[PDB]
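What follows is one structure encoded as structure tokens, with my remarks underneath.
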Amino acid sequence: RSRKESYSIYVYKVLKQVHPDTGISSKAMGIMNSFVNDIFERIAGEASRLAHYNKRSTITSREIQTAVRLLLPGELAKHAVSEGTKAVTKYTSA
Amino acid sequence: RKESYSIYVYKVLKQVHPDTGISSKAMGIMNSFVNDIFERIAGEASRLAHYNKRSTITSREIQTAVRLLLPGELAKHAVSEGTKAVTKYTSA
Amino acid sequence: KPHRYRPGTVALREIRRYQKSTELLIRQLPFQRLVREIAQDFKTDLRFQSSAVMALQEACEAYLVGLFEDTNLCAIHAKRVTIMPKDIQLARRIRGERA
Amino acid sequence: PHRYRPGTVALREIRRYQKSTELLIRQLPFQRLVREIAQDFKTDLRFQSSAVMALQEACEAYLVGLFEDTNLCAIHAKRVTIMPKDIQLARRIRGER
Amino acid sequence: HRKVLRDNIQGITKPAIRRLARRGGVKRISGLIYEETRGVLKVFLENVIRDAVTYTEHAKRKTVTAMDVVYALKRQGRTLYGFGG
Amino acid sequence: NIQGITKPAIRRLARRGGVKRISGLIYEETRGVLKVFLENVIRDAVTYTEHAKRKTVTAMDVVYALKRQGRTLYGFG
Amino acid sequence: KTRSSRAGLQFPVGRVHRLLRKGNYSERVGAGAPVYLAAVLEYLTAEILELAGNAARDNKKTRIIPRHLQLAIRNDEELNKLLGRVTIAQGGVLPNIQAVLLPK
Amino acid sequence: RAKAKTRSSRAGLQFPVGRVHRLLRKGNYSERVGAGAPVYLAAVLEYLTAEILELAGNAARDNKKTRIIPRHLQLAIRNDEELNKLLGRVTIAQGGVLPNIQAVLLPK
DNA sequence: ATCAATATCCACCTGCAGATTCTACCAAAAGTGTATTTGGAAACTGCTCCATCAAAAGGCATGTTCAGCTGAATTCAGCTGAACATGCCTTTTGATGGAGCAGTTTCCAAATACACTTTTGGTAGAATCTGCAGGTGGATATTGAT
DNA sequence: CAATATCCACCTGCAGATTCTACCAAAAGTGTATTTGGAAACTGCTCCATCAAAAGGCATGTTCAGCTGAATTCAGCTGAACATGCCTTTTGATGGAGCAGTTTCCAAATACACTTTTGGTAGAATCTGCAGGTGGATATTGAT
Ligand SMILES: [Cl-]
Ligand SMILES: [Cl-]
Ligand SMILES: [Cl-]
Ligand SMILES: [Cl-]
Ligand SMILES: [Mn+2]
Ligand SMILES: [Mn+2]
Ligand SMILES: [Mn+2]
Ligand SMILES: [Mn+2]
Ligand SMILES: [Mn+2]
Ligand SMILES: [Mn+2]
Ligand SMILES: [Mn+2]
Ligand SMILES: [Mn+2]
Ligand SMILES: [Mn+2]
Ligand SMILES: [Mn+2]
């Protein structure tokens, strides 16, 4: 009865990879959850516009990529763009 | 095949100041405006109805949205004008 | 002596103290009321979801601590070390909050 | 001969340029600065005429804005001459830096 | 609320405002800053709330939820993390 | 090439912004900001060009860029 | 029989309805939505135009151009607020000088 | 039928490539959402998450703490030029500000 | 140049709130077969955009002076910052109703679908003009002094 | 006071630009049908709104002496105002064609509608990082 979603479960998996023996508080995970969302929306919206701008009707990976580039700052983008282009090929390689 | 509000802005420019004209650039400015405000009001509404698990943007949303983007007095008249104009639609 | 610190010693002391911490600096209850009062004035009989009052206070204080910095830089920009309304008013203006 | 005391013409220029709305940066050199800059992003680029117009309107307008805020900062520090320092205080507060 | 809520702005004691300015870096404070703070503060609040309650009325509720504020703050350009995610 | 922005110009501008007395180091400082402005707004602008798989930065390309920059501009789209 | 003639407006009520649909705002659009909106757009337009008019005329000029808009805008508190971050191409700035700069 | 394996696991991501794809559709950003979009976006999101986490984990390490908290996240962001800029108009609850006293204020 | 008179630090401890772990139910991601619809190949197309070439005043770039501006350096009244008393008022718990909040049925009022008909709105072409673009001629401030 | 320059209404003219005027591929608008919100209405079930002590953290006042902030000279340079001196921006068109935009088709995408498998979220156990608390050192500060 009432199912609340979040990224807490994933945020955590990642935490354990960078710092195997470090923990994160409730309020902290709160902050983190907001983050993924602010950014999720930021990019999605940015991609959305990019598509309307190009009178196209679907968001490909390509759009998400210019969005990230238009949105994210310098080095963060590079890394994001690489990490991004990577996962997809690794995916489309069925 | 190139839309704009160039026509309407003008017809309107004639209600308030019938005997007055408007530049080309000035007319350009007026477009950017409608589109801009169109954009904002639609976005808030969209968000509004989205925050409320609603799958349809109505007039109620467009209203709240207005009541969020426009300054005191500006907001008041918009809403009147909007409500007015709408009530008339429904009424046959 | 009775002992006594020079004017500023404790001031710089506090700054260091309050920058090393993260608690809100305003008393919860008063804030509570101020908000309810103000909200009472927009729409009567409004109930407040605790956390909401908690969020407003987190946003308010974060906001001021921020205005106080830009304020402080305006005081220093005019060879002063004591912030004055004059300053807060210039930061607000330049910020666009009021122009 | 005749010579205007300093500051009196400056005023003349303010009252004058504020009254007009035409651009102040010479177009040709602007366009080059732009074209040149664009080069660091993509080679053999084509700039839609007006896009250049847009670019300048965008810039000049931004600058004048900054100058006002800058002037406020210069005035605030009891002065009347804008120093790189006021330009920084203004920007630092706008959030630009 | 029973007892009428009045003059609660003066409930932002001088010591508290001074505290906020310390975390702010301010060393010395003019005596007229205080009332000046309440003035700025009150406006900030009235705004965040005014929009927040709008969101509350749109959802047709008598309660101002944490999200209502989080959304208010967002559109105000003061995005806050820690309550709406 | 930025010098393309002559000392006079930078003054005509300051004047529209109501400046009376101008320091001399300012002119340099003003070419600094300006340069950054265009870079940031063109850096974004060309991205809309390139996403649109085109070889021409269009007036709208600037218009959008300028928008996300927060410098909305009425009169070009 | 134009939805606009019904709401008694000038702006394209139908079009605004189309632009909403094809805008990716929501799944579906109410019937009086484009109505309410177009009249807001109708409103805000007239409001500005009216003021640019005066502005235009105030210079013994009949055709409204940029400088007049930038005048009806920055001179009006609410419009200036609303367009608080918009720059009007070829509009100029308001005649204004800091008294601290005026002669002796 | 072949035993399912979450799209995420295929892309070797820790982030829910399926949950992002949905959010994209139920979000209205576009008339239709591609197939790698949710994979890409998830990749960018997961990336950034880890970045914050890295700097944060250290911020806690420094302070002699095993458990991260908002303070540490404020510290991470405000000290990393980039994360700072990405989240420049963002305020973080219970996080405080960076310790910093203007030099002109200090003693002789 | 030393000594008090206070913070400012850091190491231990030690219960418990808050964090993991440990399970069970489901809305949801997959795994299939069909359904429909992108947007790219390429085949053209006027449309601007990018070069040159040729002019001219129209600005832009140096030099001269020095008019006041911006910076020092002193002062001194007077506005705080730094300390106590005094004793409100804000925490801190922690029980208790009850507004509301949210699920959990349905049930019309509405919104979406597709299929034709009817009109605009928009894109060049035809008549108009609102304002530059110069030209004067009183004034309108600047400014140097019995 | 008047000499200089700077300016501001009073004026006519052509044309670089409005405005209409004249027709047509696209949406608007019109049923008839189809599918669907989300506005009713009831129910628990949480949170929210008080309230009622205890104390003891902190405000509020009240000195009291330190040094900021605000005032005031001086003059060593900035930069404005003003002329000369050319060097480029700034009009004027013309080609030549690189290019944004348009269609035809269609293989390769994403749509859907069920039907199956889980990957999470909600709670209920077990923990186990630290907030407090206390107390010996440094580490400053500010009188003599
Ligand atoms: Cl894709
Ligand atoms: Cl003041
Ligand atoms: Cl400087
Ligand atoms: Cl509706
Ligand atoms: Mn690691
Ligand atoms: Mn001298
Ligand atoms: Mn009830
Ligand atoms: Mn059908
Ligand atoms: Mn027609
Ligand atoms: Mn003229
Ligand atoms: Mn239903
Ligand atoms: Mn001083
Ligand atoms: Mn399982
Ligand atoms: Mn401790």
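For region B:48-89, which positions are part of a helix (DSSP H, G or I), free of Cβ contacts under 8 Å to residues at least 12 places away in the same chain and within 11 Å of ligand 4 (Cβ to nearest atom)?
Answer for region B:48-89, where residues must be part of a helix (DSSP H, G or I), free of Cβ contacts under 8 Å to residues at least 12 places away in the same chain and within 11 Å of ligand 4 (Cβ to nearest atom): B:60, B:89.
Mind checking which residues of region G:9-36 are aliphatic (A, V, I, L, M), closer than 20 Å to residue A:49 by Cβ and more than 22 Å from the chain's Cα centre (by Cα)?
Answer for region G:9-36, where residues must be aliphatic (A, V, I, L, M), closer than 20 Å to residue A:49 by Cβ and more than 22 Å from the chain's Cα centre (by Cα): just G:29.
How many of the residues making up region A:6-22 are surrounded by 17 or more Cβ atoms within 10 Å (Cβ to Cβ) and outside any helix (DSSP H, G or I)?
3
Being of a type in the set (A, V, I, L, M, F, W, C), within 7 Å of chain F (Cβ to nearest Cβ) and within 15 Å of the chain's Cα centre (by Cα): is that true of residue D:45 here?
no
Please go through region B:1-11 and give me each residue that is within 14 Å of chain F (Cβ to nearest Cβ) and among the charged types (D, E, K, R), ordered by number.
If the condition is that a residue be within 14 Å of chain F (Cβ to nearest Cβ) and among the charged types (D, E, K, R), then B:2, B:3 are the ones that fit.
Given the conditions (1) more than 29 Å from residue E:69 (Cα to Cα); (2) among the β-branched types (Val, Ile, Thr); (3) touching a strand residue (DSSP E or B) at 6+ places or on another chain (Cβ under 7 Å), and given that residue C:71 satisfies all but one, which numbered condition is not satisfied?
(1) is the only condition that residue C:71 fails.
With the requirement that a residue be touching a helix residue (DSSP H, G or I) at 6+ places or on another chain (Cβ under 8 Å) and either more than 7 Å from chain C (Cβ to nearest Cβ) or closer than 12 Å to residue C:18 by Cα (or both), what does region E:22-36 give you?
Result: E:22, E:23, E:24, E:25, E:26, E:34.
Would you check which residues across region E:41-85 are surrounded by fewer than 21 Cβ atoms within 10 Å (Cβ to Cβ), farther than 24 Å from residue A:41 by Cα and of a type in the set (A, V, I, L, M, F, W, C) and list them?
Answer for region E:41-85, where residues must be surrounded by fewer than 21 Cβ atoms within 10 Å (Cβ to Cβ), farther than 24 Å from residue A:41 by Cα and of a type in the set (A, V, I, L, M, F, W, C): E:43, E:44.
Which one of the conditions (1) of a type in the set (D, E, K, R); (2) buried (at least 19 other Cβ atoms within 10 Å of the Cβ); (3) out of contact with any helix residue (DSSP H, G or I) (no Cβ under 6 Å at 6 or more places or on another chain); (4) more than 8 Å from chain E (Cβ to nearest Cβ) does residue C:4 fail to meet, given that it meets all the rest?
Single failed check for residue C:4: (2).
Go over the candidates D:12, D:32, D:26 one by one and state the one that is away from ligand 2 (no atom under 16 Å from the Cβ) and more than 7 Å from every other protein chain (Cβ to nearest Cβ).
Matching residue, one of D:12, D:32, D:26: D:12.
I'd like the residue in region H:1-24 that is surrounded by 15 or more Cβ atoms within 10 Å (Cβ to Cβ) and more than 8 Å from chain A (Cβ to nearest Cβ) and, out of all such residues, is nearest to ligand 1 (Cβ to nearest atom).
By that ranking, first place goes to H:21.
Pick from region A:12-63 the residues that are within 20 Å of residue G:21 (Cβ to Cβ), of a type in the set (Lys, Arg) and away from ligand 1 (no atom under 16 Å from the Cβ): which of them is nearest to the other protein chains (Cβ to nearest Cβ)?
A:49
Can you name every residue in region G:33-60 that is within 11 Å of DNA strand I (Cβ to nearest atom) and buried (at least 23 other Cβ atoms within 10 Å of the Cβ)?
Matches in region G:33-60: G:33, G:34, G:35, G:56.
Within region H:61-74, how many residues turn out to be surrounded by 24 or more Cβ atoms within 10 Å (Cβ to Cβ) and of a type in the set (A, V, I, L, M)?
Here the count works out to 2.
Criterion first (buried (at least 18 other Cβ atoms within 10 Å of the Cβ) and farther than 30 Å from residue E:66 by Cβ) does residue B:25 satisfy it?
Yes, satisfied.
Go through (1) closer than 24 Å to residue E:71 by Cα; (2) at the interface with another protein chain (Cβ under 7 Å from one of its Cβ atoms); (3) not hydrophobic (A, V, I, L, M, F, W, C) and name the single condition residue C:57 misses.
Of (1) closer than 24 Å to residue E:71 by Cα; (2) at the interface with another protein chain (Cβ under 7 Å from one of its Cβ atoms); (3) not hydrophobic (A, V, I, L, M, F, W, C), only one is false for residue C:57: (2).
Could you pull out the residue among H:51, H:46, H:31 that is out of contact with any helix residue (DSSP H, G or I) (no Cβ under 8 Å at 6 or more places or on another chain) and among the acidic types (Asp, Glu)?
That would be H:31, the only listed residue that is out of contact with any helix residue (DSSP H, G or I) (no Cβ under 8 Å at 6 or more places or on another chain) and among the acidic types (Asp, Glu).
Restricting attention to region D:45-85, and to residues there that are among the polar types (S, T, N, Q) and within 15 Å of ligand 3 (Cβ to nearest atom), which single residue is surrounded by the fewest Cβ atoms within 10 Å (Cβ to Cβ)?
The selected residue is D:81.
Taking the residues in region H:75-89 that are under 25 Å from residue C:72 (Cβ atoms) and either free of Cβ contacts under 8 Å to residues at least 12 places away in the same chain or exposed (fewer than 15 other Cβ atoms within 10 Å of the Cβ) (or both) as candidates, determine which candidate is farthest from the other protein chains (Cβ to nearest Cβ).
H:79
Name the pairs: first residue in region E:10-21 and more than 7 Å from chain C (Cβ to nearest Cβ), second residue part of a helix (DSSP H, G or I) and among the polar types (S, T, N, Q), Cβ to Cβ under 9 Å, at least 6 apart or on different chains?
Every condition considered, the pairs that remain are E:17/E:37.
Values quoted throughout were computed directly from the atomic coordinates according to the rules given, and no laboratory measurement underlies them. Here Cβ is always computed from backbone atoms with ideal geometry, including for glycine, and neighbour counts include all displayed protein chains.
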